[PDB]
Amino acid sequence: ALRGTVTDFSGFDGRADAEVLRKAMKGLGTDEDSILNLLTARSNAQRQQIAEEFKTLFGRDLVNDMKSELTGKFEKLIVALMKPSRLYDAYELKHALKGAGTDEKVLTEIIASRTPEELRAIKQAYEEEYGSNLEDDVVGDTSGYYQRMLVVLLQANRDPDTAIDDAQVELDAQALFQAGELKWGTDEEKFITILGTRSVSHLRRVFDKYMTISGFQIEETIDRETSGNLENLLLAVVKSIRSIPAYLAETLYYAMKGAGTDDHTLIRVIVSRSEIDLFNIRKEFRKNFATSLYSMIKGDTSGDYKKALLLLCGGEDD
């Protein structure tokens, strides 16, 4: 069902690859083409083995050498590709967490779209890597119901998918109606408990029943009742419940539509999802925006950066 666009290279020889990369950087100048052709054709785990063979053969750190030879958005993409998959989301969160400068978009995007199993692993990686508790750091740099909903999601304690109870679907749809549209102001607490903790399959049914009862999609109510970071988080949670690939496809769309490109977001989504569901993302992107993800990247980016992204994405004729 879920498919990435990068898989293990058949006939992999990490030592041969390390030699190719050394040759690409040795002496004056840099062969960026050899680097991007190789690294985009190896899985993350294979990149780690290449880095180990490179240090064994040459006593040099592969990532440090590439940071010395490469520049600009290409360098940023290559660095992202070399982060072990188990650490990459933690790395992005750590870098989003910076006091008044906190990048809420990143916190929202990752925490809303990762499964409880993924969040458990991220929390552990973050603690091991940075010596800090993710929840503590998030709490320190956020406030209000936005913080509260993030903490709920960080518990990674969403109800498991089990048989649907129709009376429970009715009760929760009515509860949301009473907490929002029928209330002067908003009972955010009720929204957070229901959206944060009920099972995915249960909530998909609640969203349909809510539309039946109220005449609004839950996303319309959220825009009507809330604003600011809480609004963006609740929408990301609802969209992820409906379809993580669709939510991430939408995220890529907005990173590219308009003047320039949100390169940070483009790199993060493509790299983080490349071995999970980037294929599904391409399919949702084409369905919803009548263009290929490929053509939009092709139009928005330049140089070796563009070339590497296109190889990672694929789907020329999506």
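We number the residues from 1 along the sequence you see.
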According to the deposited model, is the average Cα temperature factor higher in 177-185 or in 149-157? 149-157
Can you tell me which stretch has the higher mean Cα B-factor, 301-309 or 17-25? 301-309
From the list 268, 257, 42, 60, select the residue with the highest C-alpha B factor recorded in the entry. 257
Between 170, 208, 89, 129, let me know which has the highest C-alpha B-factor in the entry? 129
Lowest, middle or highest third of the chain for the C-alpha temperature factor of residue 100? highest
Among the modelled residues of its chain, the C-alpha B-factor of residue 73 falls in the third labelled highest
Ranked by Cα temperature factor within the chain, is residue 279 in the lowest third, the middle third or the highest third? middle
How does the C-alpha B factor of residue 117 compare with the rest of the chain: lowest, middle or highest third? middle
Going by the entry, which third of its chain does the Cα temperature factor of residue 288 land in? highest
